[PDB]
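Have a look below at one chain only, the form deposited in one PDB entry, in structure tokens format.
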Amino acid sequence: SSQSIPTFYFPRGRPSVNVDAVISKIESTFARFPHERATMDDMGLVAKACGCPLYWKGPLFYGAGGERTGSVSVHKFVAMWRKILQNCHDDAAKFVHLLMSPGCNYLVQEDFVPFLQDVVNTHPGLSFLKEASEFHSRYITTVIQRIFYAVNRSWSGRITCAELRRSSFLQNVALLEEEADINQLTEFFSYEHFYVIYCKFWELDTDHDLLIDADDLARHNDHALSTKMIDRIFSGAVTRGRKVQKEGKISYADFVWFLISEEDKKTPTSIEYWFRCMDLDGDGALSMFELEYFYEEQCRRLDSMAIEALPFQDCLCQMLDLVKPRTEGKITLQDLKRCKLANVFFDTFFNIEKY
């Protein structure tokens, strides 16, 4: 059984690759440069010799401490890429081990900043953004949120090799060189998406404190969302620690998550987000009590608007038809995901934009 079941657990991984051929290509490339020291301008060529997509150039330069003096030496560059190659047998592992804080083995929001700083300074479609500025910094925050929204499906603050492997993120890093219109990469890096998100935030945050409150958020989309839903964003259901509940204030970062969830509610993250908000007691089911608590306010608003509001009991029957819950009289998160109509369910209980 030592034989018949060979070892299936690998701390690191498995694979094959010629590490010396690559050290060599790096070496000849670095020999083109004054004092065999690569400058940030030179790192396209070095990224390519490493066998990496162009836009790993920032992380690579950073990884070898090149940002310290404005240039890195061939011996130091080789030393660390060597260690990567020896220990990281796939793209996702390599990228983590480049950006990560030592010991960690996971990526945190700030770890992505040197990467994104380079995308902004370098990519054709973001030339107008180069300047150190407000829109410069805010685009960076936004994209990081979008990375985490899609990749970090556990909601821990920590993007993991596994999660990275499972996402499409590194394919978008790849596509950056091929696509000069950044808007084409709609999944994380789109500027036009970020422009919408930021202008939506900017118009509410009138004191420009970069912090927004229940009153401010209530003004979004002409108070399209219900008040009971709004006060729920500040409850602890979708933000970390004690701060938000204490101060009744969310950051821009948090508003990005809110807004992306409002934009599209079919999404597995969005469904988790809104479910968290609706499960008032946290028991993992949406009891009829919890539903009626929201629907009563939809009703008064439909009334204000002189519309016949479908009575709760007739509504509950429609909702239970729409989501096809696995166990009778208990709406769970899983049921909501299976049904494909989560968004109509959610809108029915806390949104009035139709019309």
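The term rigid core refers to the most C-alpha atoms you can superpose between the two forms while keeping them within 1.5 Å. Note that residue numbering begins at 1 and tracks the sequence as displayed.
As for the form deposited in another entry, it is not shown, yet the points below apply to it.
Q: If you fit the rigid core and then compare C-alpha positions between the shown form and the other one, only one of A49, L54, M40, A309 moves by 2 Å or more. Name it.
A: It is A309.
Q: Using a rigid core alignment, state whether the CA of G65 is displaced by 2 Å or more between the shown form and the other one.
A: For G65, whose C-alpha is compared between the shown form and the other one after core superposition, the shift is less than 2 Å.
Q: Superposing on the rigid core, is the CA of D279 displaced by 2 Å or more between the shown form and the other one?
A: The answer is yes; the displacement is at least 2 Å.
Q: Rigid core superposed, CA of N121 - does it shift 2 Å or more between the shown form and the other one?
A: No.
Q: Just to spell it out: taking the C-alpha atom of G282 and the C-alpha atom of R158, is that distance smaller or larger in the other entry than in the structure shown here, given it changes by 3 Å or more?
A: Note: Cα gap between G282 and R158 shrinks in the other entry.
Q: Have a look at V108 and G282: in the other entry, are their Cα atoms closer together or farther apart than in this form, given the change is 3 Å or more?
A: Pair moves closer in the other entry.
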